[PDB]
>>> print(open('target07.txt').read())   # compact mmCIF, N, CA and C atoms and all ligand atoms
# COMPACT_ATOMS: atom_id res chain seq x y z
N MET J 8 80.63 182.84 177.67
CA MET J 8 80.09 184.21 177.45
C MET J 8 78.58 184.25 177.68
N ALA J 9 78.14 185.34 178.36
CA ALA J 9 76.73 185.60 178.69
C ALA J 9 76.17 186.74 177.84
N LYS J 10 74.88 186.58 177.43
CA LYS J 10 74.16 187.55 176.58
C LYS J 10 72.87 188.03 177.26
N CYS J 11 72.61 189.37 177.14
CA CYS J 11 71.41 190.06 177.71
C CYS J 11 70.08 189.72 176.92
N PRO J 12 68.95 189.15 177.59
CA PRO J 12 67.65 188.86 176.88
C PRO J 12 66.77 190.13 176.54
N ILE J 13 67.26 191.33 176.97
CA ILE J 13 66.57 192.64 176.78
C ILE J 13 67.20 193.39 175.56
N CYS J 14 68.55 193.61 175.60
CA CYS J 14 69.28 194.36 174.54
C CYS J 14 70.07 193.44 173.60
N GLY J 15 70.75 192.40 174.19
CA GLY J 15 71.57 191.43 173.44
C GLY J 15 73.04 191.82 173.29
N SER J 16 73.61 192.48 174.34
CA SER J 16 75.02 192.93 174.37
C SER J 16 75.95 191.88 175.08
N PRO J 17 77.34 191.70 174.70
CA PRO J 17 78.24 190.68 175.37
C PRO J 17 78.61 191.00 176.83
N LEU J 18 78.64 189.92 177.64
CA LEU J 18 78.97 189.95 179.08
C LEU J 18 80.06 188.92 179.39
N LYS J 19 80.94 189.28 180.36
CA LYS J 19 82.06 188.43 180.82
C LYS J 19 81.70 187.70 182.12
N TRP J 20 82.03 186.37 182.16
CA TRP J 20 81.82 185.47 183.34
C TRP J 20 82.74 185.80 184.55
N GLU J 21 83.92 186.44 184.24
CA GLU J 21 84.95 186.93 185.22
C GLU J 21 84.47 188.15 186.06
N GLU J 22 83.57 189.00 185.44
CA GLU J 22 82.96 190.23 186.07
C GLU J 22 81.86 189.89 187.11
N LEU J 23 81.08 188.79 186.83
CA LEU J 23 79.98 188.25 187.70
C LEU J 23 80.48 187.65 189.05
N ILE J 24 81.64 186.91 188.99
CA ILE J 24 82.33 186.25 190.16
C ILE J 24 83.07 187.33 191.04
N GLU J 25 83.74 188.33 190.36
CA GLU J 25 84.50 189.45 190.99
C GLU J 25 83.59 190.47 191.76
N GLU J 26 82.36 190.72 191.20
CA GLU J 26 81.32 191.61 191.77
C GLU J 26 80.49 190.94 192.90
N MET J 27 80.45 189.58 192.90
CA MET J 27 79.69 188.76 193.86
C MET J 27 80.58 188.13 194.98
N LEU J 28 81.93 188.43 194.95
CA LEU J 28 82.94 187.93 195.93
C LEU J 28 82.98 188.74 197.29
N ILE J 29 81.93 189.59 197.49
CA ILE J 29 81.74 190.45 198.70
C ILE J 29 80.94 189.75 199.86
N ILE J 30 80.39 188.54 199.56
CA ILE J 30 79.59 187.70 200.50
C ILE J 30 80.51 186.60 201.09
N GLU J 31 80.36 186.38 202.43
CA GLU J 31 81.12 185.35 203.23
C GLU J 31 80.65 183.89 202.99
N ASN J 32 79.33 183.73 202.61
CA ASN J 32 78.68 182.42 202.26
C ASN J 32 79.18 181.83 200.91
N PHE J 33 79.72 182.75 200.02
CA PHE J 33 80.28 182.45 198.66
C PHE J 33 81.42 181.40 198.65
N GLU J 34 82.24 181.42 199.75
CA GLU J 34 83.37 180.44 200.01
C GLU J 34 82.85 178.98 200.19
N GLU J 35 81.57 178.86 200.68
CA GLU J 35 80.84 177.58 200.89
C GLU J 35 80.10 177.11 199.61
N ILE J 36 79.58 178.10 198.79
CA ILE J 36 78.85 177.87 197.48
C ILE J 36 79.86 177.40 196.36
N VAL J 37 81.09 178.01 196.34
CA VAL J 37 82.21 177.71 195.34
C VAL J 37 82.73 176.22 195.37
N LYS J 38 82.46 175.53 196.52
CA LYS J 38 82.82 174.10 196.75
C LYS J 38 81.75 173.09 196.22
N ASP J 39 80.49 173.58 195.99
CA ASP J 39 79.36 172.77 195.49
C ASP J 39 78.67 173.43 194.28
N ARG J 40 78.86 172.76 193.10
CA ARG J 40 78.27 173.13 191.75
C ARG J 40 76.71 173.15 191.69
N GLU J 41 76.06 172.25 192.49
CA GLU J 41 74.57 172.11 192.61
C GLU J 41 73.89 173.33 193.31
N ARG J 42 74.64 173.97 194.27
CA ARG J 42 74.22 175.19 195.02
C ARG J 42 74.47 176.50 194.23
N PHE J 43 75.60 176.54 193.42
CA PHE J 43 76.01 177.71 192.58
C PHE J 43 75.07 177.93 191.36
N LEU J 44 74.70 176.81 190.64
CA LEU J 44 73.78 176.82 189.44
C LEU J 44 72.30 177.13 189.81
N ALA J 45 71.87 176.62 191.02
CA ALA J 45 70.51 176.82 191.61
C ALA J 45 70.30 178.26 192.17
N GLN J 46 71.43 178.90 192.63
CA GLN J 46 71.48 180.29 193.16
C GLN J 46 71.47 181.37 192.05
N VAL J 47 72.13 181.06 190.87
CA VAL J 47 72.21 181.95 189.64
C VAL J 47 70.78 182.03 188.95
N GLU J 48 70.06 180.85 188.90
CA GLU J 48 68.68 180.69 188.32
C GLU J 48 67.57 181.36 189.19
N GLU J 49 67.77 181.33 190.55
CA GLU J 49 66.84 181.90 191.58
C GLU J 49 67.05 183.43 191.82
N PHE J 50 68.30 183.92 191.58
CA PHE J 50 68.69 185.34 191.75
C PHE J 50 68.68 186.08 190.41
N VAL J 51 68.43 187.42 190.48
CA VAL J 51 68.37 188.30 189.30
C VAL J 51 69.67 189.20 189.23
N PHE J 52 70.08 189.52 187.98
CA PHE J 52 71.30 190.33 187.69
C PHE J 52 70.94 191.59 186.89
N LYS J 53 71.77 192.66 187.06
CA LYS J 53 71.59 193.98 186.39
C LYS J 53 72.54 194.14 185.20
N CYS J 54 72.02 194.77 184.10
CA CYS J 54 72.77 195.01 182.85
C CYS J 54 73.39 196.46 182.83
N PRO J 55 74.81 196.66 182.74
CA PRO J 55 75.42 198.04 182.66
C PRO J 55 75.29 198.75 181.27
N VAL J 56 74.77 198.00 180.24
CA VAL J 56 74.59 198.49 178.83
C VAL J 56 73.18 199.16 178.66
N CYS J 57 72.11 198.44 179.08
CA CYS J 57 70.72 198.92 179.00
C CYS J 57 70.20 199.45 180.35
N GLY J 58 70.36 198.64 181.44
CA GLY J 58 69.94 199.04 182.81
C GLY J 58 68.86 198.15 183.44
N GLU J 59 68.18 197.28 182.61
CA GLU J 59 67.11 196.34 183.05
C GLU J 59 67.69 195.03 183.64
N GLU J 60 66.87 194.39 184.55
CA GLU J 60 67.22 193.14 185.28
C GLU J 60 66.85 191.88 184.48
N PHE J 61 67.77 190.88 184.51
CA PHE J 61 67.63 189.58 183.81
C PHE J 61 67.90 188.42 184.81
N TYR J 62 67.11 187.32 184.67
CA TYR J 62 67.19 186.13 185.55
C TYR J 62 68.06 185.01 184.95
N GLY J 63 68.68 184.19 185.87
CA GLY J 63 69.54 183.02 185.49
C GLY J 63 68.76 181.76 185.03
N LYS J 64 67.40 181.82 185.18
CA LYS J 64 66.44 180.76 184.76
C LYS J 64 66.01 180.93 183.26
N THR J 65 66.22 182.17 182.72
CA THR J 65 65.90 182.54 181.31
C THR J 65 67.16 182.47 180.38
N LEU J 66 68.31 181.94 180.94
CA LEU J 66 69.61 181.78 180.21
C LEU J 66 69.66 180.42 179.41
N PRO J 67 70.56 180.22 178.30
CA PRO J 67 70.61 178.93 177.50
C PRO J 67 71.18 177.73 178.28
N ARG J 68 70.77 176.50 177.85
CA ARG J 68 71.18 175.18 178.45
C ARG J 68 72.68 174.80 178.25
N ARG J 69 73.37 175.46 177.26
CA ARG J 69 74.81 175.24 176.94
C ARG J 69 75.75 176.06 177.86
N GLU J 70 75.27 177.30 178.26
CA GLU J 70 75.98 178.25 179.19
C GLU J 70 76.04 177.74 180.66
N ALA J 71 75.01 176.92 181.07
CA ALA J 71 74.88 176.26 182.41
C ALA J 71 76.02 175.22 182.68
N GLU J 72 76.49 174.56 181.57
CA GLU J 72 77.63 173.58 181.54
C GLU J 72 79.01 174.29 181.73
N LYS J 73 79.08 175.60 181.30
CA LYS J 73 80.27 176.52 181.45
C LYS J 73 80.55 176.90 182.92
N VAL J 74 79.45 176.92 183.76
CA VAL J 74 79.47 177.22 185.26
C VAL J 74 80.23 176.06 186.01
N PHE J 75 80.00 174.77 185.58
CA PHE J 75 80.70 173.54 186.09
C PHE J 75 82.25 173.58 185.90
N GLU J 76 82.70 174.34 184.84
CA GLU J 76 84.12 174.53 184.42
C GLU J 76 84.94 175.41 185.41
N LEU J 77 84.33 176.55 185.91
CA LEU J 77 84.95 177.49 186.91
C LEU J 77 85.13 176.83 188.31
N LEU J 78 84.12 175.98 188.70
CA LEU J 78 84.08 175.18 189.95
C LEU J 78 85.09 173.98 189.94
N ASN J 79 85.25 173.34 188.74
CA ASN J 79 86.16 172.18 188.49
C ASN J 79 87.65 172.57 188.28
N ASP J 80 87.87 173.78 187.67
CA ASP J 80 89.22 174.32 187.36
C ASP J 80 89.67 175.34 188.46
N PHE J 81 89.70 174.80 189.71
CA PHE J 81 90.11 175.52 190.94
C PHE J 81 91.61 175.31 191.23
N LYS J 82 92.26 176.39 191.80
CA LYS J 82 93.74 176.50 192.16
C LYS J 82 94.61 176.75 190.90
N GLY J 83 95.19 177.98 190.86
CA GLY J 83 96.04 178.43 189.75
C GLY J 83 96.12 179.94 189.64
N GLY J 84 95.01 180.55 189.13
CA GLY J 84 94.91 182.01 188.94
C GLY J 84 93.76 182.70 189.70
N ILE J 85 93.39 182.15 190.89
CA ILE J 85 92.30 182.70 191.75
C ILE J 85 92.93 183.06 193.12
N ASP J 86 92.82 184.37 193.47
CA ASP J 86 93.33 184.93 194.74
C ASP J 86 92.22 185.66 195.50
N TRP J 87 92.10 185.31 196.81
CA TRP J 87 91.08 185.88 197.76
C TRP J 87 91.49 187.26 198.36
N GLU J 88 92.83 187.46 198.56
CA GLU J 88 93.43 188.73 199.11
C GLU J 88 93.55 189.86 198.06
N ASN J 89 93.85 189.48 196.78
CA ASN J 89 94.00 190.40 195.63
C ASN J 89 92.70 190.57 194.80
N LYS J 90 91.68 189.63 194.99
CA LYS J 90 90.33 189.57 194.29
C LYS J 90 90.43 189.42 192.72
N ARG J 91 91.23 188.40 192.32
CA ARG J 91 91.47 188.04 190.89
C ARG J 91 90.86 186.67 190.58
N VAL J 92 90.06 186.64 189.49
CA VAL J 92 89.36 185.41 188.99
C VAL J 92 89.76 185.19 187.51
N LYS J 93 90.17 183.94 187.19
CA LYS J 93 90.57 183.53 185.83
C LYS J 93 89.71 182.36 185.32
N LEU J 94 89.30 182.47 184.03
CA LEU J 94 88.49 181.47 183.31
C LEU J 94 89.23 181.01 182.05
N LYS J 95 89.30 179.68 181.90
CA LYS J 95 89.96 179.00 180.76
C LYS J 95 88.94 178.39 179.80
ZN ZN J 101 71.05 194.69 178.50
>>> encode(input="target07.txt", output="structure tokens", more="lines below")
Ligand SMILES: [Zn+2]
Amino acid sequence: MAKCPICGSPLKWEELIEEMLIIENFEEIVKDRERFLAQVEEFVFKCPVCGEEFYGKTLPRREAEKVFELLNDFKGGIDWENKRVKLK
């Protein structure tokens, strides 16, 4: 689970992958954990609760280990044609 550093409202990790699955380079980033964690810290995200932008470099050190879990737990409930992402 992700939290906003401006308002402090709950965010889902399944919504971030589903909204960012519109890029063709994403199929190459999903195979390497070192490129996915470095891209989240360098890129900024928008909050639908407050409206202000938050960076992946200002997030906690325990949530960064949760990103390794989506990359490692591949094949099962992830479809490219139907655009469905599952997190365990
Ligand atoms: Zn917010």
>>> residues_near_ligand(input="target07.txt", ligand="ligand ZN 101 (chain J)", cutoff="6.5 Å", atoms="all atoms listed in the file", output="NGL selection string")
:J and (11-16 or 54-59)
>>> closest_residue(input="target07.txt", among="J:85, J:78, J:44, J:30", to="residue 66 (chain J)", atoms="only C-alpha atoms")
J:44
>>> closest_residue(input="target07.txt", among="J:34, J:74, J:80, J:10", to="residue 62 (chain J)", atoms="only C-alpha atoms")
J:10
>>> select_by_dssp(input="target07.txt", residues="chain J", states="helix (DSSP H, G or I)", output="ChimeraX atom specification")
/J:20-26,33-36,40-49,71-79
>>> write_last_selection(input="target07.txt", atoms="N, CA and C atoms", output="PDB file, keeping the file's coordinate frame")
ATOM      1  N   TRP J  20      82.030 186.370 182.160  1.00  0.00           N
ATOM      2  CA  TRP J  20      81.820 185.470 183.340  1.00  0.00           C
ATOM      3  C   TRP J  20      82.740 185.800 184.550  1.00  0.00           C
ATOM      4  N   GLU J  21      83.920 186.440 184.240  1.00  0.00           N
ATOM      5  CA  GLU J  21      84.950 186.930 185.220  1.00  0.00           C
ATOM      6  C   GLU J  21      84.470 188.150 186.060  1.00  0.00           C
ATOM      7  N   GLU J  22      83.570 189.000 185.440  1.00  0.00           N
ATOM      8  CA  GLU J  22      82.960 190.230 186.070  1.00  0.00           C
ATOM      9  C   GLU J  22      81.860 189.890 187.110  1.00  0.00           C
ATOM     10  N   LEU J  23      81.080 188.790 186.830  1.00  0.00           N
ATOM     11  CA  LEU J  23      79.980 188.250 187.700  1.00  0.00           C
ATOM     12  C   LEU J  23      80.480 187.650 189.050  1.00  0.00           C
ATOM     13  N   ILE J  24      81.640 186.910 188.990  1.00  0.00           N
ATOM     14  CA  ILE J  24      82.330 186.250 190.160  1.00  0.00           C
ATOM     15  C   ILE J  24      83.070 187.330 191.040  1.00  0.00           C
ATOM     16  N   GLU J  25      83.740 188.330 190.360  1.00  0.00           N
ATOM     17  CA  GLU J  25      84.500 189.450 190.990  1.00  0.00           C
ATOM     18  C   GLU J  25      83.590 190.470 191.760  1.00  0.00           C
ATOM     19  N   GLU J  26      82.360 190.720 191.200  1.00  0.00           N
ATOM     20  CA  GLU J  26      81.320 191.610 191.770  1.00  0.00           C
ATOM     21  C   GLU J  26      80.490 190.940 192.900  1.00  0.00           C
ATOM     22  N   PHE J  33      79.720 182.750 200.020  1.00  0.00           N
ATOM     23  CA  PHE J  33      80.280 182.450 198.660  1.00  0.00           C
ATOM     24  C   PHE J  33      81.420 181.400 198.650  1.00  0.00           C
ATOM     25  N   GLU J  34      82.240 181.420 199.750  1.00  0.00           N
ATOM     26  CA  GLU J  34      83.370 180.440 200.010  1.00  0.00           C
ATOM     27  C   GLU J  34      82.850 178.980 200.190  1.00  0.00           C
ATOM     28  N   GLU J  35      81.570 178.860 200.680  1.00  0.00           N
ATOM     29  CA  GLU J  35      80.840 177.580 200.890  1.00  0.00           C
ATOM     30  C   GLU J  35      80.100 177.110 199.610  1.00  0.00           C
ATOM     31  N   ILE J  36      79.580 178.100 198.790  1.00  0.00           N
ATOM     32  CA  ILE J  36      78.850 177.870 197.480  1.00  0.00           C
ATOM     33  C   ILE J  36      79.860 177.400 196.360  1.00  0.00           C
ATOM     34  N   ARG J  40      78.860 172.760 193.100  1.00  0.00           N
ATOM     35  CA  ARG J  40      78.270 173.130 191.750  1.00  0.00           C
ATOM     36  C   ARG J  40      76.710 173.150 191.690  1.00  0.00           C
ATOM     37  N   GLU J  41      76.060 172.250 192.490  1.00  0.00           N
ATOM     38  CA  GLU J  41      74.570 172.110 192.610  1.00  0.00           C
ATOM     39  C   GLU J  41      73.890 173.330 193.310  1.00  0.00           C
ATOM     40  N   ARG J  42      74.640 173.970 194.270  1.00  0.00           N
ATOM     41  CA  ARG J  42      74.220 175.190 195.020  1.00  0.00           C
ATOM     42  C   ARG J  42      74.470 176.500 194.230  1.00  0.00           C
ATOM     43  N   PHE J  43      75.600 176.540 193.420  1.00  0.00           N
ATOM     44  CA  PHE J  43      76.010 177.710 192.580  1.00  0.00           C
ATOM     45  C   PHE J  43      75.070 177.930 191.360  1.00  0.00           C
ATOM     46  N   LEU J  44      74.700 176.810 190.640  1.00  0.00           N
ATOM     47  CA  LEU J  44      73.780 176.820 189.440  1.00  0.00           C
ATOM     48  C   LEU J  44      72.300 177.130 189.810  1.00  0.00           C
ATOM     49  N   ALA J  45      71.870 176.620 191.020  1.00  0.00           N
ATOM     50  CA  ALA J  45      70.510 176.820 191.610  1.00  0.00           C
ATOM     51  C   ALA J  45      70.300 178.260 192.170  1.00  0.00           C
ATOM     52  N   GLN J  46      71.430 178.900 192.630  1.00  0.00           N
ATOM     53  CA  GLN J  46      71.480 180.290 193.160  1.00  0.00           C
ATOM     54  C   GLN J  46      71.470 181.370 192.050  1.00  0.00           C
ATOM     55  N   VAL J  47      72.130 181.060 190.870  1.00  0.00           N
ATOM     56  CA  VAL J  47      72.210 181.950 189.640  1.00  0.00           C
ATOM     57  C   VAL J  47      70.780 182.030 188.950  1.00  0.00           C
ATOM     58  N   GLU J  48      70.060 180.850 188.900  1.00  0.00           N
ATOM     59  CA  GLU J  48      68.680 180.690 188.320  1.00  0.00           C
ATOM     60  C   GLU J  48      67.570 181.360 189.190  1.00  0.00           C
ATOM     61  N   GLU J  49      67.770 181.330 190.550  1.00  0.00           N
ATOM     62  CA  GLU J  49      66.840 181.900 191.580  1.00  0.00           C
ATOM     63  C   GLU J  49      67.050 183.430 191.820  1.00  0.00           C
ATOM     64  N   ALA J  71      75.010 176.920 181.070  1.00  0.00           N
ATOM     65  CA  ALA J  71      74.880 176.260 182.410  1.00  0.00           C
ATOM     66  C   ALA J  71      76.020 175.220 182.680  1.00  0.00           C
ATOM     67  N   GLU J  72      76.490 174.560 181.570  1.00  0.00           N
ATOM     68  CA  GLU J  72      77.630 173.580 181.540  1.00  0.00           C
ATOM     69  C   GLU J  72      79.010 174.290 181.730  1.00  0.00           C
ATOM     70  N   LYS J  73      79.080 175.600 181.300  1.00  0.00           N
ATOM     71  CA  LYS J  73      80.270 176.520 181.450  1.00  0.00           C
ATOM     72  C   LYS J  73      80.550 176.900 182.920  1.00  0.00           C
ATOM     73  N   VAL J  74      79.450 176.920 183.760  1.00  0.00           N
ATOM     74  CA  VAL J  74      79.470 177.220 185.260  1.00  0.00           C
ATOM     75  C   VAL J  74      80.230 176.060 186.010  1.00  0.00           C
ATOM     76  N   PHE J  75      80.000 174.770 185.580  1.00  0.00           N
ATOM     77  CA  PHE J  75      80.700 173.540 186.090  1.00  0.00           C
ATOM     78  C   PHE J  75      82.250 173.580 185.900  1.00  0.00           C
ATOM     79  N   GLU J  76      82.700 174.340 184.840  1.00  0.00           N
ATOM     80  CA  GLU J  76      84.120 174.530 184.420  1.00  0.00           C
ATOM     81  C   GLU J  76      84.940 175.410 185.410  1.00  0.00           C
ATOM     82  N   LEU J  77      84.330 176.550 185.910  1.00  0.00           N
ATOM     83  CA  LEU J  77      84.950 177.490 186.910  1.00  0.00           C
ATOM     84  C   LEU J  77      85.130 176.830 188.310  1.00  0.00           C
ATOM     85  N   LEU J  78      84.120 175.980 188.700  1.00  0.00           N
ATOM     86  CA  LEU J  78      84.080 175.180 189.950  1.00  0.00           C
ATOM     87  C   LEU J  78      85.090 173.980 189.940  1.00  0.00           C
ATOM     88  N   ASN J  79      85.250 173.340 188.740  1.00  0.00           N
ATOM     89  CA  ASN J  79      86.160 172.180 188.490  1.00  0.00           C
ATOM     90  C   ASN J  79      87.650 172.570 188.280  1.00  0.00           C
TER      91      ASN J  79
END
>>> closest_residue(input="target07.txt", among="J:31, J:8, J:38, J:52", to="residue 70 (chain J)", atoms="only N, CA and C atoms")
J:8
>>> select_by_dssp(input="target07.txt", residues="chain J", states="strand (DSSP E or B)", output="list in words")
residues 9, 10, 17, 18, 51, 52, 53, 60, 61, 62, 86 and 91 of chain J
>>> closest_residue(input="target07.txt", among="J:61, J:36, J:92, J:79", to="residue 22 (chain J)", atoms="only N, CA and C atoms")
J:92
>>> closest_residue(input="target07.txt", among="J:17, J:64, J:37, J:23", to="residue 49 (chain J)", atoms="only C-alpha atoms")
J:64
>>> atom_distance(input="target07.txt", atom1="atom C of residue 9 (chain J)", atom2="atom N of residue 28 (chain J)")
18.1 Å
